[PDB]
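Report on the following structure.
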Amino acid sequence: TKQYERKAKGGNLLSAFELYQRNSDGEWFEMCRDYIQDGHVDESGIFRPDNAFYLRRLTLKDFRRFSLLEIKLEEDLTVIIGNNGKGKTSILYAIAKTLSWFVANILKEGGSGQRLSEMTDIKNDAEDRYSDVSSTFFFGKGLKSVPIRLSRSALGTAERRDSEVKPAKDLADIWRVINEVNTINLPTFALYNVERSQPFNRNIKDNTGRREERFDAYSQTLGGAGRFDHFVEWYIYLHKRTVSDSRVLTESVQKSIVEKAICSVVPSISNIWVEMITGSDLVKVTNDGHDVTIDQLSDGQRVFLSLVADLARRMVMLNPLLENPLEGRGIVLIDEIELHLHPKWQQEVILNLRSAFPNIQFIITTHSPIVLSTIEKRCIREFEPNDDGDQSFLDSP
Amino acid sequence: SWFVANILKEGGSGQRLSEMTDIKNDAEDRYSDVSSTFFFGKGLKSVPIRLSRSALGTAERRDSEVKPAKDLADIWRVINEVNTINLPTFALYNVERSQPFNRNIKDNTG
Amino acid sequence: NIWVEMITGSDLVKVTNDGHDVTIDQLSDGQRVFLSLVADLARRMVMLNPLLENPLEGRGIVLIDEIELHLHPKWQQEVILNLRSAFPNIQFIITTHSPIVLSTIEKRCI
Amino acid sequence: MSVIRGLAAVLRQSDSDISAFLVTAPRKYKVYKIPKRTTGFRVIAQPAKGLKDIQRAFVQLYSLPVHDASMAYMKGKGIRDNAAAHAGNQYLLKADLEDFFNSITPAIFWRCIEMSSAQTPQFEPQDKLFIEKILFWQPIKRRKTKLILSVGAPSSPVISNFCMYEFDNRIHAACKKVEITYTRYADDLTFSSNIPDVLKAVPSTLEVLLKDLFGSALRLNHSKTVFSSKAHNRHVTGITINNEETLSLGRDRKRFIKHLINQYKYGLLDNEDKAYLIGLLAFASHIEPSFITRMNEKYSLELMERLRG
RNA sequence: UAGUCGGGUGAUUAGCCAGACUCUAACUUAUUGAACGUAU
Ligand SMILES: Nc1ncnc2c1ncn2[C@@H]1O[C@H](COP(=O)(O)OP(=O)(O)OP(=O)(O)O)[C@@H](O)[C@H]1O
Ligand SMILES: [Mg+2]
């Protein structure tokens, strides 16, 4: 026993929670809660937490077209460049499956994550017929490393490889158990790919779940396209209450925060509201100085609005104790950032997002040169024109 | 439903409770249970079962308990494949039984 | 190259793509979409003109929106000439917002 | 000549009782759990009393070759010798192996004893039955064909050094031609040099040589390769190297030792922490002996000789 | 710029004072067994 006390008094996180559970079965509870909550306001008026959370390194062995590969990532922004057939989508697919083991263990004790397919993800001519993926995360000077591995063997072979997932369960239990006694702010995870472009209709609703309770924010968050049909239903619920005229916020404040972010980021929308005088409920916007319903917008306009609106709702529900909810921790993945955008909008998208969301880590890809024209040179990674699965490390220009 | 599934095939699974309809709206325990007990003569006088569920985001979890029910259904299935026996019946008739009759019985299958 | 093959008592399609052999579900999105346009248009003309020495020399009208979708800069520079070389007698109406595509077309057509 | 007479003579017992006991020498083990320093358990198995005596006796009758670059489980040497050899070089590399003990089986041993570059001893063909029943563990009761080498048994260290003999022999001779230094502990590999862009090639060379000697049986753990230089932290088997090219206990451990002496000055310390403090000072004297000369200056020699055992 | 090494005060695992260094590039670990340092 004395060994845990000599570690805990030195500032180690995992030894403090071990004493709390063993002795509860109040000195050790406050050490756990303060490590998660401490921070200060900088000279520009932005809140910054004492302990950050992010990904440091990735590695791949006999996976799709790669024999062996390594890559190192930046704490703020990273951008990948190339042509058709070079592996850009296949990298984001490997990261997204790894994050699913955290989300499953915040919702339920002893939950289950996603798998690799034994039919299509193994390399076609590899002699040993199995594949592996490996990662490493950071969470401040209380614990400087957290490792994970996923693996699988080809269809019809006689010997099976195993995964190693326990270190992810150990961290996710601290966030789940401390939050039930007292309250804390929680992290965000999301993926957007090319399945975002789709048509819109009004005759639709879900009879599963409730759209006003805190844990709905994690529902279908790694699926590839956001549930914009849940945003409309939630925004109408806020209206019907506020019309009847600690640190939690009232529906009147929550409604005001979201409307300001939408008008600030999208170049050509200037106001939005709900109305219901005719017998039914509708959403209206002002666009080029004219007045329209959402179904009259062009595809380039609807796609950009749909992305910005869904992220803001999740940020506001998960951080109930901050003064400005858009400043919490998290990780976000986006593929093909210029889909449907005119060349005058393409050259300025990235810097608006980094202004509106100051503490998130972004990972992004593209195949056009105009988007880079304002970025610094330590944020960029690029493939060889000469490669055929030989390049074993990705590098800057 | 747990007896019927185990007579037909090895392993198998029954039905389960629903998290958004069946749990009482304001109970501070945040979980719900249903419990039963059967009899099968002087040599096997008690067989208990429990079904359970709980709300999402809690510190702990509740599971079901069903092993004593699987054990009895395996005896009926294993003995019958060696030498034939009689088997039990289970049924439910609801208010939905009153509906019209379709005279075109053209459908055929083997 | 492209051909039909049989494995495990089932038929399936193979292609050779930049040096290696694959199934259709392994291609990138910029490769699939471009294949899907050309394969559909060729069938319909082969079925409709049975009495020409080359079925693809018949007549008609075709509409296309957003030619630049999923293509990188070196391909979107040249796609128009390859289509017009393969279907000599069709009338085309086309739309775009990228000025690279225009860099090989005469001023009357715009 | 034969092992059974040799054991019976050295143990001073009748030889029929040796052959009667050895029939089921596998399965004579006890199993238990020990805690990790952060959270969780490690699982250990140890051979039953009396089977220990046969193992200690066997390693008297025979001897096997060992290369100079090995640093563990050998007499006279220790971890300070391993740390001292790299202390002059400004660049560093490290690597590791999967499942080092459990990966060894009788088929590996009987190949290595035969194909050797060195003077292995001869044996009677019929003694192989008794040799296998002395050296290996059967973990699963029904799968009677599984035999593996346990970490908890007195004979295992020697056998684990012998199996590496040709790997150490070749890689050291290769590094000497290019100005690179090599040493190996139980299962750590360490490389260093004083010129740039030479260390980048090495990981590829190891992976070829491993499959050439062992085939599928042992492999490199890809998740643990690390590079460092004079611009970042450097350590070897728990010992730190400073920018003045000398060995160190590190600032954080020095400051923690100062606190415990200050508790003793005012009589606040108690018997458990007093015993622990004496054990640390006995260790610290071997690695950084100039530290004690400063401690009996900041505190009186009078107080220091009272604390000392 | 920011990281990393550590001589000195300091009821001392904190804070503060002084002086140094850069190959894309450290993350402190396990007994009752084996080897080593110190008692007995
Ligand atoms: N199992 C496999 N074995 C070998 N090659 C494969 C395998 N699976 C896919 N490929 C190769 O993967 C490449 C496409 O990879 P991916 O779709 O990730 O690249 P991408 O072009 O950058 O994607 P995108 O631009 O749409 O984001 C193709 O060249 C294809 O031949
Ligand atoms: Mg000991």
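Chains as they are written, first to last, in the authors' numbering: chain C, 2 to 26, 37 to 256, 306 to 457; chain A, 111 to 220; chain D, 331 to 440; chain E, 1 to 309.
All C-beta atoms in this analysis are idealised placements derived from N, C-alpha and C, irrespective of residue type, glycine included.
Residue i - DSSP class collapsed to helix/strand/coil
i: residue 106 of chain C; result: helix
i: residue 8 of chain C; result: helix
i: residue 288 of chain E; result: coil
i: residue 219 of chain A; result: coil
i: residue 331 of chain C; result: strand
i: residue 438 of chain D; result: helix
i: residue 236 of chain E; result: strand
i: residue 259 of chain E; result: helix
i: residue 142 of chain A; result: strand
i: residue 184 of chain E; result: strand
i: residue 343 of chain D; result: strand
i: residue 135 of chain E; result: helix
i: residue 315 of chain C; result: helix
i: residue 109 of chain E; result: helix
i: residue 385 of chain D; result: helix
Proximity to residue i [Cα-Cα], best of the options
i: residue 391 of chain C; options: C:408, C:403, C:376 and C:423; result: C:423
i: residue 432 of chain C; options: C:394, C:179, C:184 and C:408; result: C:408
i: residue 278 of chain E; options: E:261, E:294, E:290 and E:204; result: E:261
i: residue 289 of chain E; options: E:307, E:247 and E:271; result: E:247
i: residue 346 of chain D; options: D:427, D:425, D:356 and D:367; result: D:356
i: residue 146 of chain E; options: E:106, E:160 and E:41; result: E:106
i: residue 166 of chain E; options: E:114, E:257, E:199 and E:193; result: E:114
i: residue 319 of chain C; options: C:218, C:372 and C:442; result: C:372
i: residue 74 of chain E; options: E:158, E:31 and E:250; result: E:158
i: residue 180 of chain A; options: A:196, A:194 and A:159; result: A:159
i: residue 178 of chain A; options: A:155, A:190 and A:170; result: A:155
i: residue 240 of chain C; options: C:437, C:55 and C:370; result: C:370
i: residue 205 of chain C; options: C:234, C:228 and C:168; result: C:234
i: residue 99 of chain E; options: E:280, E:265 and E:216; result: E:216
Any non-hydrogen atom of ligand 3 closer than 7 Å to residue i Cβ
i: residue 343 of chain C; result: Of the ligands this structure carries, namely ligand 1 and ligand 2, none is ligand 3.
Pairwise C-alpha distance: residue j and residue i
i: residue 117 of chain E; j: residue 86 of chain E; result: 29 Å
i: residue 374 of chain C; j: residue 353 of chain C; result: 24 Å
i: residue 141 of chain C; j: residue 74 of chain C; result: 9 Å
i: residue 110 of chain A; j: residue 213 of chain A; result: No statement about residue 110 of chain A is possible, as the shown extent of chain A runs from 111 to 220 and does not include it.
i: residue 350 of chain D; j: residue 333 of chain D; result: 14 Å
i: residue 143 of chain E; j: residue 71 of chain C; result: 35 Å
i: residue 157 of chain C; j: residue 453 of chain C; result: 22 Å
i: residue 445 of chain C; j: residue 72 of chain E; result: 48 Å
i: residue 212 of chain E; j: residue 63 of chain E; result: 27 Å
i: residue 139 of chain E; j: residue 401 of chain D; result: 59 Å
i: residue 117 of chain C; j: residue 200 of chain C; result: 12 Å
i: residue 394 of chain C; j: residue 173 of chain E; result: 51 Å
i: residue 411 of chain D; j: residue 362 of chain D; result: 20 Å
i: residue 83 of chain E; j: residue 239 of chain E; result: 7 Å
i: residue 365 of chain D; j: residue 66 of chain C; result: 38 Å
i: residue 101 of chain C; j: residue 127 of chain C; result: 12 Å
i: residue 175 of chain E; j: residue 2 of chain C; result: 46 Å
Beta strand (DSSP E) segment containing residue i, residue limits
i: residue 51 of chain C; result: 50-52
i: residue 161 of chain E; result: Where residue 161 of chain E is concerned, there is no enclosing beta strand (DSSP E), although the alpha helix (DSSP H) it sits in stretches over 156-162.
i: residue 72 of chain C; result: 65-74
i: residue 160 of chain C; result: 157-164
i: residue 59 of chain C; result: 58-60
i: residue 33 of chain E; result: 29-35
i: residue 351 of chain C; result: 350-353
Terminal residues of the alpha helix (DSSP H) in which residue i lies
i: residue 51 of chain E; result: 51-61
i: residue 46 of chain E; result: Taken as a continuous stretch (DSSP letters only), residue 46 of chain E belongs to no alpha helix (DSSP H), being part of the beta strand (DSSP E) at 41-47.
i: residue 406 of chain C; result: 403-406
i: residue 187 of chain C; result: 177-189
i: residue 299 of chain E; result: Here residue 299 of chain E belongs to no alpha helix (DSSP H), and DSSP marks it neither H nor E.
i: residue 204 of chain E; result: 202-214
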